[PDB]
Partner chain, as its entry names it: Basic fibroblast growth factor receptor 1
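Only one chain is shown below, in structure tokens, and it's the form deposited without the partner chain.
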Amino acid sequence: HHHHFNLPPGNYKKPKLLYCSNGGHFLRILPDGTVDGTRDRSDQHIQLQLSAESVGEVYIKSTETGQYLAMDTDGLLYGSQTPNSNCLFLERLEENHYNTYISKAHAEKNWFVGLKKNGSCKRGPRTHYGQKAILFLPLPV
């Protein structure tokens, strides 16, 4: 493609929690389709199942509700009931350590999945390489 191909180690067999180093929040997909982050590890909407379409391309689904993480045309994250092209993310390693997710549908603009220090999701255009907001650490459930 038009991006590097350094991939993170690990597999997709088990669901995971995506911990964002920015404010220490776990990515969360609420039932109402809202996406944000919470520090509460017992939350039932932070358990995410990642699966790969093609190598380096993944879907991120909440095991609790079955919703797929998706980014709209204006760069906002939301939970989609069905796995369409806007639910695909390029899963890449960053700084030889973290996981980052670029919206495939908007990869030319580098719109990343990201969380602010206050736990609210960042809007695509507002994300950039170099921010802690886009840096995630996957933890097995």
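Positions refer to the first chain, counted from 1.
A second form of this protein, the form solved in complex with the partner chain, is not displayed here; the remarks below concern that form.
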Taking the shortest heavy atom distance, is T63 within 4.5 Å of the partner chain in the entry with it bound?
no
Please run the contact check for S54 against the partner chain in the entry with it bound: heavy atoms, 4.5 angstroms, yes or no?
yes
Determine whether any heavy atom of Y78 comes within 4.5 Å of a heavy atom of the partner chain in the entry with it bound, and answer yes or no.
no
With a 4.5 Å heavy atom cut-off, would you call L93 a contact of the partner chain in the entry with it bound?
yes
